[PDB]
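Note sheet for the following structure.
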Amino acid sequence: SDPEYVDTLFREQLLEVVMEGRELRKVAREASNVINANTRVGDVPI
Amino acid sequence: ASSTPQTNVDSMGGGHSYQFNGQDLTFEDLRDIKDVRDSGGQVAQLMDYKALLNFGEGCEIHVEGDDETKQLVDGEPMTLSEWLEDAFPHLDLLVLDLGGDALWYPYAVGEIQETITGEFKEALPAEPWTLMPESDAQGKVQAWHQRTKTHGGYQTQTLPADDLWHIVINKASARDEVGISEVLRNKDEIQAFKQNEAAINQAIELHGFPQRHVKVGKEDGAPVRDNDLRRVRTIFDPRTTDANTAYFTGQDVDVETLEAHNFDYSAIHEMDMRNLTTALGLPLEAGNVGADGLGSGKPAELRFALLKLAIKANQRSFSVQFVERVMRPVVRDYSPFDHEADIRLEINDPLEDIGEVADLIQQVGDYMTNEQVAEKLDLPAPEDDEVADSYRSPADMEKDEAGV
Amino acid sequence: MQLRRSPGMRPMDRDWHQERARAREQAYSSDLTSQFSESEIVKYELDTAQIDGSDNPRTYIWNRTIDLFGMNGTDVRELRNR
Ligand SMILES: [Mg+2]
Ligand SMILES: [Mg+2]
């Protein structure tokens, strides 16, 4: 690494954050029966 | 006279911010100190050395008339010193943490905590950059305002001065109970050091090393364009050149050199380190820089005396407040002993030479009780009071008793 | 794939911030063509920086020809009534 700009003390530095985008709701692992399969194809008997 | 102060003090107004709290500094200034501490490099290390000199050698608890305090605490005898040593078992660590914090920040600050059963647990330090005091017109702290990071952003709360305690090493005046950050006080000196260090580092990159300058074409001759230079660049490329590469050319190619352009970066480094160490009150020798002439004789005696004096002043300032505002309340509230007893907390001298003390004991031991010798030598006093209190050596008393 | 010059990456480049800060500090007007290279205007998206000379300290520092009173080098935005 070789940064072109140094950072000074007492937070006189550049504003150094990123604002997040929209985040979607994640539930499928909780809201369904999860099978951790041994094979990429397979069968559930009914 | 009078039972209350009748002189006023410079006070509040929030340094002329608004919705007034603290005195002349904010949670942002506190977090600026936090960054100088956590950001590492030479500045952080120097202030860490300052903490280690003032507080790193550990402590000893004293009580005057400790023998008079002998009491059954839980069907078992203790003195007040013995109770305090059991109440504060890891005091060497706590002293270094609080003392270090009180050099960085305006104050060290913390709680007293109890076991579930309601006996004393510990004095618990709080994160000093999270807390600021609210004070009344007499200058004393009445409440503490806190804010802290959480997953949901900042959380804020206010606490009474009743159950917190705090310690200030760097007072503005003897009546100041808010204190000064030595880091904010020296902000310009610290920033000047950082700027000059960055300047030297970049100057070494540009000027500390030679660079190859190939000039192409005859002077006042045919011009050479960028695409033409790209073919020449391919030949003299430092990527593919090696130490003993040799070059063959026509007369109209010149391998010039930008020489390394001498400047005394060592002298600028020594100047920077002198400025910073003097500003932080450290000796220059702490910065891995040595001055000429100052390393010997009375010039050394003076600077190392000044350092030891500064340490003793910080140590006593800390010791007095720790006894008065942490120990005495704990003795009062959780101990069967008298809280008005003459408790003391000495903090060890970091630059004491036991080889020098040994010479002193040989020269003038004839005037010291065995307890005084054991204290200077940093050992337990003898288990038998008559030999502890006597002046001649315990080994000399033993070899004489062996003659009886 | 993204490169440091690619349009969606510019806000992550420290240098894009630092050079836009420079451009605001060195300008005297919103007239970029006079004051900067075509390369700088493109590389740093200077059309979108609020360049107008209001952030240049020399807009506010006094620089009179004759200086009997030590007035030169004073900055109006540092006075009592500013
Ligand atoms: Mg199948
Ligand atoms: Mg021609």
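Order determines the names: the first chain of the structure tokens is A, the second B, and so forth; residues in each chain are numbered 1 upward, and ligands are numbered 1 upward as they are shown.
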
Shell around range 10-17 of chain A at 9 Å using only C-alpha atoms, local window under 2 positions removed, as a PyMOL selection string:
(chain A and resi 6-8+19) or (chain B and resi 29+31-36+184+187+191) or (chain C and resi 14+17-18)

What are the closest atom pairs, with distances in Å to one decimal, for all residues of chain A lying within 9 Å of chain C? Consider only C-alpha atoms, order rows by chain and residue number, and present the result as JSON lines.
```
{"residue": "A:4", "atom": "CA", "partner": "C:15", "partner_atom": "CA", "distance": 7.5}
{"residue": "A:5", "atom": "CA", "partner": "C:15", "partner_atom": "CA", "distance": 7.7}
{"residue": "A:14", "atom": "CA", "partner": "C:18", "partner_atom": "CA", "distance": 8.1}
{"residue": "A:18", "atom": "CA", "partner": "C:12", "partner_atom": "CA", "distance": 8.6}
```

Residues at most 10 Å from ligand 1, using only C-alpha atoms and all ligand atoms? Could they come as a ChimeraX atom specification?
/A:41-44

Please find the residues contacting ligand 2 at a distance of at most 10 Å between atoms, with only C-alpha atoms and all ligand atoms counted, and report them as a ChimeraX atom specification.
/B:220-223

Between CA of residue 342 in chain B and CA of residue 373 in chain B, what is the spacing in Å?
22.4 Å

Please, what distance in Å, to one decimal, runs between CA of residue 291 in chain B and CA of residue 304 in chain B?
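Distance reported for this atom pair: 13.9 Å.
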